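**Q** Starting off with a structure, shown below.
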2 protein chains.
Amino acid sequence: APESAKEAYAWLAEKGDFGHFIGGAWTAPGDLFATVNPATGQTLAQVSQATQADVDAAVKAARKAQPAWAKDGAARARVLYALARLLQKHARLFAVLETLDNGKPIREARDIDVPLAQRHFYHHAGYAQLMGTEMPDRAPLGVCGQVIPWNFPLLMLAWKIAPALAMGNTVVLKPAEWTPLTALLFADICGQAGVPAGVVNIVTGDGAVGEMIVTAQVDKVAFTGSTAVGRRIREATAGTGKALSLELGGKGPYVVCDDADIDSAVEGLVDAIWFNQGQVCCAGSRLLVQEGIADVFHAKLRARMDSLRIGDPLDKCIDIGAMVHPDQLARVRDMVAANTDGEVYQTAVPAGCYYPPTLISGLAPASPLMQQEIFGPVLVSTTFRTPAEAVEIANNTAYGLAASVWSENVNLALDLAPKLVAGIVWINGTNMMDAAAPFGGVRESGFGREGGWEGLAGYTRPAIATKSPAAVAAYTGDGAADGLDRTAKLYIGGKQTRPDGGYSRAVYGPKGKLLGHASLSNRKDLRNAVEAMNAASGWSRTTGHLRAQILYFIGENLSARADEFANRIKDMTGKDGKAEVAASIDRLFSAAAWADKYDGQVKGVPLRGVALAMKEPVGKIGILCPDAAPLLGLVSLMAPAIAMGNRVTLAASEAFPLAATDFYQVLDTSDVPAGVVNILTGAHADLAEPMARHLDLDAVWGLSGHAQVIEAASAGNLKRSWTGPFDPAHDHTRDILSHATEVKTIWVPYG
Amino acid sequence: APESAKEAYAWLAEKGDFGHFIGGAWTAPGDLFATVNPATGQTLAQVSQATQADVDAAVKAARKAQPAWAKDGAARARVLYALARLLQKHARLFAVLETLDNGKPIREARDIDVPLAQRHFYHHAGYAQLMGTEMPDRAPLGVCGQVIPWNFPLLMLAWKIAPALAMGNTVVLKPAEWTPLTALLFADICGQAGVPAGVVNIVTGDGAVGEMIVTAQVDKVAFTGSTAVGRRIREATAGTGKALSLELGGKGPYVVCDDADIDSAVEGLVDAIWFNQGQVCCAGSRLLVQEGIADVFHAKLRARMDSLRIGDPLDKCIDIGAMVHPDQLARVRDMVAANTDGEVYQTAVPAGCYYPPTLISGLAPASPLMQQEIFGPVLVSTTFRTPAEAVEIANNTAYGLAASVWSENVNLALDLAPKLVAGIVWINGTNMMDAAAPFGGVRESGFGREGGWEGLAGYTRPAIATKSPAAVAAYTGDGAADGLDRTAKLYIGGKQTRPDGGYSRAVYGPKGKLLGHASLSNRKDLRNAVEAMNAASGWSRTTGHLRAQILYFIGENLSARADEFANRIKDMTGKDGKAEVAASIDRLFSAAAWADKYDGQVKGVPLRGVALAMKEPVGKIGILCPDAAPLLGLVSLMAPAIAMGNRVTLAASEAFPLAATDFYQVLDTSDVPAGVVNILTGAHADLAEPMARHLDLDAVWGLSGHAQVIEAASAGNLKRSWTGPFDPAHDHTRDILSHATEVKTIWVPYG
């Protein structure tokens with residue numbers, strides 16, 4: 001007997017045609033479109049396509065409510081707790097509504113989706129309670145515009161709304177046009193939970209409504225969905241000062257070693273087939289099996305796939321539900337129709353909006369199917385010989401979200417996990433989720449983390465704001481020739497190099513005295529710098545102890561030249577440079593201090609084992625330094641970045657480049673490995689877009705302006721970007737460590 | 001060819017007979033005694049037995065220097081760095097001197113002792129640099145008296161001096177009477193390193209000098225050495241307000257499972273035989289081998305023991321050096337002479353102060369040799385059948401310091417580690433040490449941690465001090481009988497219980513009105529409470545999520561009775577109780593918030609893998625509440641304690657007990673598991689010493705006075721103790737979490 005939907009139908013009948021939830025109240029239904037039960041084809045309800053006026057009103061109401069909401073963290077905790085209790089009290093209603101609207105089996109909705117949504121609100125209540133005392137340097141961002149996809153409608157909502165509210169923000173959230181109903185029921189319980197009017201606003205519609213929210217007067221945009229829409233959102237928000245997080249999917253590799261627990265690995269994969277759909281953090285869709293066990297693994301997998309029950313999603317015995325929409329069914333059919341590689345196995349399928357579990361095996365590591373987005377309940381598989389080859393195959397995509405590794409050997413499992421490019425690695429499991437355990441992407445899977453203490457920073461800003469110094473025009477001078485050799489070069493790959501373009505500009509002091517010449521770098525110089533950083537990839541695998549020693553040497557060797565650097569700064573700016581040099585030394589010693597002390601965090605989880613939220617390098621960072629603070633600006637950005645294991649290329653102060661060029665000798669004397677620090681001089685108008693666009697850079701920090709160009713160009717490979725504020729007089733070290741690291745959460749067995 | 005000692009002899013000839021290093025200068029030699037090279041019997045130098053006047057002067061000089069030293073953390077970092085550079089520059093001299101003085105093989109001194117001492121100072125320099133901004137609520141303690149043993153003389157010094165100095169303290173340190181020389185050379189490099197006069201003071205002598213330092217006007221005592229001396233130090237410092245850390249040894253179990261890498265496990269053990277001496281964090285001395293591999297493991301072990309080279313410690317090929325002193329040789333011979341159990345195997349031995357590697361196998365788990373302190377290069381071994389039996393055998397001692405677990409299975413290793421009672425667990429390794437990785441004991445191995453961020457708190461105090469409220473006399477009254485039933489009981493094991501002694505006292509309001517009666521608890525009640533806490537051991541293995549839910553219920557159910565509790569407080573004290581009730585609710589919700597958010601810390605180490613500094617419960621805590629704040633004092637102490645997974649027995653406010661007795665109903669309504677919270681009422685003069693003495697309690701918190709009695713009695717089982725200050729009006733939650741947890745560092749493989 002299937003689960004009863006009587007209560008869900010009664011709620012839908014009560015709500016009638018839906019408007020929006022704005023300012024604590026339901027608005028009149030407008031331009032209606034149907035949401036259809038994909039398993040039956042029946043219209044469940046009519047919902048409104050929001051207008052620009054609706055989105056304006058939602059954001060206005062969220063803004064009006066936010067300062068009172070931000071004031072009392074203890075009060076927010078009570079509301080978040082109440083929301084969790086109402087999710088639990090109405091768990092069966094939320095679960096049936098999710099199954100009706102999305103097509104997923106009721107057993108998944110009841111066992112996975114709703115309990116994790118409850119736990120997300122229970123857990124994040126405590127962050128609201130603790131924000132004032134445990135995050136005293138932080139404050140709410142304001143209003144968050146939030147946009148989510150169709151695959152896990154309620155749980156995606158929880159992942160967005162719970163941290164935003166905990167940190168004193170208000171939200172305007174739009175569910176996917178195919179799956180609006182559980183978000184509307186969430187709206188309908190907000191009053192009962194004591195959510196103050198306008199703290200939560202839910203508007204419905206398709207991508208055009210998403211676009212309105214993204215471009216509205218919000219302080220943050222948080223998006224989960226397709227990579228292409230992620231790029232458009234990054235472009236649409238460029239130069240606006242909005243905070244942005246993007247979780248962009250990319251189905252993860254599932255690595256099965258010769259010594260894996262085969263039957264547990266098979267059962268984990270078959271139990272993940274329905275789950276691994278849409279843009280969710282998951283692993284299993286890309287199967288990588290060591291060649292010694294590959295035939296046996298595949299044979300067992302196909303028979304376990306046969307045991308999956310496909311049919312009525314309201315039947316609690318069903319494992320494979322209905323596809324979310326005919327458009328998605330067509331997408332999966334078309335993907336399979338376009339593939340000619342490998343051997344395709346499909347289980348039986350019932351008639352209608354159902355697609356069967358499908359395994360495409362015998363693929364080569366270079367096959368396009370191993371690299372393209374995979375749609376539907378479809379697995380693709382290839383083999384590997386060595387663990388090193390498994391790592392190479394797993395990392396040979398544009399994505400980097402989650403991964404799974406199966407091995408019974410204590411060494412092999414924990415050796416492979418840090419080598420995989422991913423935000424999450426599950427050992428001997430997959431799709432393990434908890435509110436305390438952060439998740440999110442790298443590369444074209446996006447940026448930002450959701451869950452844990454780590455997920456909170458992106459919903460906050462400094463309690464005391466800094467402001468970047470104004471740009472400073474370079475001084476001019478008469479232009480008489482220079483009989484001495486005072487033309488500074490570039491510093492790339494451990495040695496000084498001429499600028500590829502051959503040009504240098506005269507540098508003058510405040511009264512017109514010629515001080516020297518500085519190179520004008522170009523895109524070919526930047527390319528050479530990126531190649532040097534690629535050759536220095538070993539730096540990102542060094543010990544913190546080693547990196548600390550190098551930074552200590554840089555600090556010592558700068559100190560030995562302190563008077564000289566102060567005189568150079570005074571020559572260029574007319575103002576005494578001793579305080580700036582002392583601060584630069586201090587930043588180096590603070591970065592040296594941190595190099596082996598920026599600890600990952602161990603999460604107790606109510607699941608098997610523990611989650612290790614590790615700190616890893618971002619990788620290769622291009623940095624543009626402000627005009628002011630010709631030494632301190634450069635050192636303040638360089639030092640925490642390399643302390644965390646990054647390689648960097650810095651565009652030094654455009655106005656005052658000669659302190660940075662004097663610094664080349666310090667880098668050489670300090671035995672900084674070739675390519676770990678590279679320095680370009682010249683016009684940031686020449687360099688900003690090339691650095692932000694570069695597809696082989698992992699992050700761009702633009703602290704000299706050009707924020708719109710930099711943030712728009714960063715969409716090419718979706719690198720992380722930071723455009724300030726950055727005040728070199730302020731000690732930003734701790735904040736910069738966060739810009740300079742990624743969180744990778746490794747889930748390990750633990751008694 | 002052995003290592004040359006010419007430079008070491010030249011330094012000893014320069015220093016002549018030694019005085020002490022006090023106030024930055026060397027004092028005149030006094031009452032001299034010899035330090036003898038144990039390998040040759042030659043006197044190396046004469047050193048002074050310090051007088052009381054010497055210790056007075058050392059502490060006076062340390063006190064005079066401390067405020068200027070505390071002022072500039074960046075300056076302390078430069079000095080700590082300089083000390084590390086001087087340890088590295090003179091590494092060969094320190095190493096030879098250690099071998100001459102202590103007898104250890106020069107290869108151990110050069111490869112292990114000196115490099116780890118260097119790294120300790122390099123690493124802790126950074127804590128000084130970061131103290132002001134990353135520990136802003138903390139300040140230096142002041143002057144630290146430090147006493148260390150003979151087994152690792154320089155490294156024990158580094159473990160004491162580096163964190164003390166980093167946190168802005170000054171030190172008076174006494175090395176062991178048998179091994180003074182590397183501490184005297186450390187003294188001799190302090191001037192060159194820029195240590196300001198009196199920041200470091202080194203005095204020499206035997207235990208009588210240690211006693212002088214322990215009882216001197218110092219703010220902290222830090223001791224490593226024997227359990228018996230640890231007890232005497234705890235007694236000698238009781239009631240003085242001094243901070244105390246004790247690392248008391250206890251050689252650790254070494255668990256070898258059937259699926260261990262046998263040869264690596266054997267080689268790790270044989271390479272640990274010389275190391276595992278004295279009171280050092282180590283594992284290997286108690287060998288626990290699964291019965292299926294026991295015969296093969298033992299046979300391989302005995303032959304690998306045969307390959308150890310015994311002889312001249314200055315020979316870099318030597319593995320087994322000279323015993324530190326004839327007294328220690330006699331101690332090992334006597335221990336072996338007193339044993340009649342098992343089968344004794346000894347390798348060959350050369351003549352003189354050498355004792356051979358020795359394996360005593362075939363012991364039963366209950367044999368006394370498996371539980372007594374083991375001296376010398378001696379291993380004792382027993383077998384186990386199941387992993388659960390291994391845990392039982394490993395934990396069946398009075399100690400709890402380090403442990404090692406060997407298994408190639410990813411599950412088994414990480415399943416066993418959290419179950420072992422220890423401050424450190426090494427997976428597939430032993431005796432792994434790093435400055436970032438905290439180490440220290442539980443049970444009779446002591447308390448406190450050394451290394452990492454975690455080791456710093458014990459060298460600091462709150463920047464703003466709190467003060468415990470003054471005691472409050474209970475109100476008196478005429479004494480007319482009570483015709484209503486208003487006699488409150490005790491709360492033990494999930495139910496109300498009559499006091500075993502049968503007595504209750506009348507409770508009066510401020511104007512003499514009879515309010516009711518409160519039970520007078522006795523030692524039998526406390527015993528029943530401890531039994532109830534033992535039956536509730538499952539609480540210490542619950543998820544944080546579960547504990548948070550319970551605390552949320554307690555907060556909700558108190559809130560539902562808020563007016564009633566406020567009226568009870570006003571009845572008892574004459575002052576309005578609404579603010580106290582609101583604060584009590586807030587403490588519960590803060591503790592609920594923290595229950596699943598107090599994260600362990602992942603340490604990057606320059607060795608194999610990573611060190612996971614986990615948070616674990618202390619266990620069973622006896623708590624005595626202040627008179628003032630009849631509800632808030634009790635709730636503020638109870639809530640963070642149980643949030644961290646402890647079980648507690650609280651002695652409620654002696655003056656005003658009836659708010660706590662009203663709270664019984666809240667505990668019952670909130671489904672607090674039986675034995676997790678137990679409440680006693682009555683006279684703290686009856687309860688303080690029994691609670692502090694109780695051998696089945698893991699910690700005693702006495703916040704109503706009796707500090708000397710409590711701290712002295714705590715020496716019985718060396719439980720942790722906290723006697724304040726505690727101001728209930730202050731939110732101490734975060735600090736209490738630290739009192740309520742232990743750090744257990746698990747070393748795991750990691751790529």
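Convention: chains lettered A, B, ... in structure tokens order; per-chain residue numbering from 1; ligands numbered from 1 as shown.
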Per residue of chain B within 8 Å of chain A, record the nearest atom pair and its distance in Å to one decimal, counting only C-alpha atoms, with rows in chain order and ascending residue number, as a tab-separated table.
**A**
```
residue	atom	partner	partner_atom	distance
B:74	CA	A:586	CA	7.9
B:123	CA	A:593	CA	7.5
B:125	CA	A:593	CA	7.2
B:126	CA	A:593	CA	3.9
B:127	CA	A:593	CA	6.9
B:129	CA	A:590	CA	6.3
B:130	CA	A:590	CA	6.8
B:407	CA	A:410	CA	7.9
B:408	CA	A:410	CA	5.5
B:409	CA	A:409	CA	5.0
B:410	CA	A:410	CA	3.6
B:411	CA	A:749	CA	6.0
B:413	CA	A:410	CA	7.6
B:414	CA	A:750	CA	4.8
B:415	CA	A:751	CA	3.8
B:416	CA	A:751	CA	6.5
B:417	CA	A:751	CA	7.3
B:418	CA	A:751	CA	5.9
B:419	CA	A:751	CA	7.2
B:436	CA	A:597	CA	7.5
B:543	CA	A:606	CA	5.6
B:544	CA	A:604	CA	7.1
B:545	CA	A:606	CA	6.7
B:586	CA	A:74	CA	7.9
B:589	CA	A:129	CA	7.3
B:590	CA	A:129	CA	6.3
B:592	CA	A:126	CA	7.1
B:593	CA	A:126	CA	3.9
B:594	CA	A:126	CA	6.9
B:596	CA	A:604	CA	6.7
B:597	CA	A:436	CA	7.5
B:599	CA	A:602	CA	5.4
B:600	CA	A:602	CA	4.6
B:601	CA	A:601	CA	4.8
B:602	CA	A:600	CA	4.6
B:603	CA	A:599	CA	5.8
B:604	CA	A:596	CA	6.7
B:605	CA	A:543	CA	7.2
B:606	CA	A:543	CA	5.6
B:612	CA	A:602	CA	7.5
B:614	CA	A:602	CA	7.2
B:749	CA	A:411	CA	6.0
B:750	CA	A:414	CA	4.8
B:751	CA	A:415	CA	3.8
```
**Q** How would the residues just picked look written out with C-alpha atoms as an mmCIF file, in the first residue's frame?
**A**
```cif
data_model
loop_
_atom_site.group_PDB
_atom_site.id
_atom_site.type_symbol
_atom_site.label_atom_id
_atom_site.label_comp_id
_atom_site.auth_asym_id
_atom_site.auth_seq_id
_atom_site.Cartn_x
_atom_site.Cartn_y
_atom_site.Cartn_z
ATOM 1 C CA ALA B 74 56.679 40.229 18.501
ATOM 2 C CA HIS B 123 57.167 26.602 16.191
ATOM 3 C CA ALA B 125 57.982 31.644 18.271
ATOM 4 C CA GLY B 126 54.869 32.056 16.143
ATOM 5 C CA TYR B 127 52.548 31.783 19.132
ATOM 6 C CA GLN B 129 53.820 36.688 17.455
ATOM 7 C CA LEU B 130 50.107 35.880 17.324
ATOM 8 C CA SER B 407 46.394 -2.846 11.838
ATOM 9 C CA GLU B 408 46.336 -2.580 8.058
ATOM 10 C CA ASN B 409 42.528 -2.302 8.087
ATOM 11 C CA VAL B 410 41.175 1.231 7.753
ATOM 12 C CA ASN B 411 38.209 0.463 10.025
ATOM 13 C CA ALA B 413 42.571 1.060 13.520
ATOM 14 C CA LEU B 414 40.253 4.084 13.739
ATOM 15 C CA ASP B 415 37.656 2.076 15.656
ATOM 16 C CA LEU B 416 40.090 1.084 18.436
ATOM 17 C CA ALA B 417 41.846 4.449 18.880
ATOM 18 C CA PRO B 418 38.953 6.418 20.479
ATOM 19 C CA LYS B 419 38.257 3.521 22.875
ATOM 20 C CA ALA B 436 52.048 21.377 16.972
ATOM 21 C CA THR B 543 26.274 12.229 19.501
ATOM 22 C CA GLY B 544 26.545 15.964 20.010
ATOM 23 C CA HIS B 545 23.209 16.253 18.209
ATOM 24 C CA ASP B 586 20.464 31.588 28.143
ATOM 25 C CA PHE B 589 20.751 27.427 25.079
ATOM 26 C CA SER B 590 24.426 28.369 24.771
ATOM 27 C CA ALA B 592 22.876 23.315 23.652
ATOM 28 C CA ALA B 593 24.449 25.365 20.866
ATOM 29 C CA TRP B 594 27.957 24.151 21.702
ATOM 30 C CA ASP B 596 27.805 19.612 18.510
ATOM 31 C CA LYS B 597 30.185 22.478 17.659
ATOM 32 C CA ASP B 599 35.585 20.909 17.198
ATOM 33 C CA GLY B 600 38.819 19.000 17.403
ATOM 34 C CA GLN B 601 41.805 20.408 15.538
ATOM 35 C CA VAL B 602 43.731 18.852 12.641
ATOM 36 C CA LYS B 603 47.504 19.386 12.907
ATOM 37 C CA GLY B 604 49.720 19.438 9.882
ATOM 38 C CA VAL B 605 52.947 17.824 11.035
ATOM 39 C CA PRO B 606 56.272 17.464 9.192
ATOM 40 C CA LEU B 612 43.943 14.860 15.092
ATOM 41 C CA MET B 614 40.198 15.468 19.314
ATOM 42 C CA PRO B 749 48.203 8.225 7.921
ATOM 43 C CA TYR B 750 47.453 10.970 5.410
ATOM 44 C CA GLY B 751 48.819 11.668 1.936
#
```
**Q** Please return, as a PyMOL selection string, all residues of stretch 512-712 of chain A that DSSP assigns to alpha helix (DSSP H) on the basis of the backbone.
**A** chain A and resi 523-535+544-560+562-573+578-594+632-643+658-669+684-693+707-712
**Q** If we count only C-alpha atoms, what is near stretch 304-315 of chain B at a cut-off of 8 Å, once residues fewer than 6 positions away on the same chain are taken out, given as a PyMOL selection string?
**A** chain B and resi 1-4+39+96+99-100+103-106+266-267+270+321-322+347-350+354+356-357
**Q** Residues within 7 Å of stretch 394-396 of chain B, please, as JSON, numbers by chain. Count only C-alpha atoms; anything in the same chain fewer than 5 positions from it doesn't count.
**A** {"B": [253, 420, 421]}
**Q** Within 9 Å of residue B:569, counting only C-alpha atoms, which residues qualify if same-chain residues fewer than 2 places away don't, as a ChimeraX atom specification?
**A** /B:564-567,571-578,580-581,629-631,656,658-659
**Q** If you count only C-alpha atoms, which residues fall within 9 Å of stretch 534-537 of chain B, apart from same-chain ones fewer than 5 positions away, as a ChimeraX atom specification?
**A** /B:493,529,619-620,646-647,673-676,696
**Q** Between atom CA of residue A:52 and atom CA of residue A:213, measure the distance and give it in Å to one decimal.
**A**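 Answer for the atom CA of residue A:52 to atom CA of residue A:213 separation: 8.9 Å.
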**Q** Mind checking which residues fall within 10 Å of residue A:331, counting only C-alpha atoms, ignoring those fewer than 5 positions away in the same chain, and posting them as a VMD selection string?
**A** chain A and resid 325 to 326 336 to 337 374 to 376
**Q** Please, what distance in Å, to one decimal, runs between atom CA of residue A:221 and atom CA of residue A:460?
**A**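 So the two atoms, atom CA of residue A:221 and atom CA of residue A:460, lie 12.5 Å apart.
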**Q** With only C-alpha atoms as the atoms that count, which of A:252, A:682, A:512, A:455 lies nearest to residue A:479?
**A**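 So, comparing all the options, the nearest one is A:512.
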**Q** Name the residues of stretch 569-678 of chain A that come out as strand (DSSP E or B) in a backbone DSSP run; write them as JSON, numbers by chain.
**A** {"A": [600, 601, 602, 603, 604, 610, 611, 612, 613, 614, 615, 616, 617, 620, 621, 622, 623, 624, 647, 648, 649, 650, 651, 677, 678]}
**Q** Store the residues of this selection in a file with C-alpha atoms, as a compact mmCIF listing (two decimals), in the first residue's frame.
**A**
```txt
# COMPACT_ATOMS: atom_id res chain seq x y z
CA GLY A 600 41.69 22.04 9.96
CA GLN A 601 38.62 21.24 12.04
CA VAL A 602 37.35 17.83 13.16
CA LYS A 603 33.54 17.53 12.98
CA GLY A 604 31.63 15.17 15.18
CA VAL A 610 34.15 11.94 11.67
CA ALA A 611 34.46 14.63 9.02
CA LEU A 612 37.85 16.33 8.75
CA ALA A 613 37.43 19.87 7.37
CA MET A 614 41.00 20.27 6.15
CA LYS A 615 42.72 23.44 4.97
CA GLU A 616 44.38 23.21 1.55
CA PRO A 617 46.03 25.75 -0.76
CA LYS A 620 47.95 29.72 -8.13
CA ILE A 621 46.86 33.27 -7.30
CA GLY A 622 47.22 36.41 -9.41
CA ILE A 623 47.35 39.54 -7.27
CA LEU A 624 47.13 43.21 -8.20
CA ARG A 647 52.17 30.25 -5.58
CA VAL A 648 51.60 33.87 -6.49
CA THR A 649 52.15 36.39 -9.24
CA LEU A 650 51.85 39.99 -8.03
CA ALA A 651 51.39 43.16 -10.04
CA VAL A 677 56.72 34.37 -5.92
CA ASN A 678 56.65 36.19 -9.25
```
**Q** Go through A:520, A:540, A:579, A:745 one by one, measure the shortest atom-to-atom distance of each to residue A:685 using only C-alpha atoms, and give the residue with the smallest value.
**A**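 Ranking A:520, A:540, A:579, A:745 by distance to residue A:685, first place goes to A:520.
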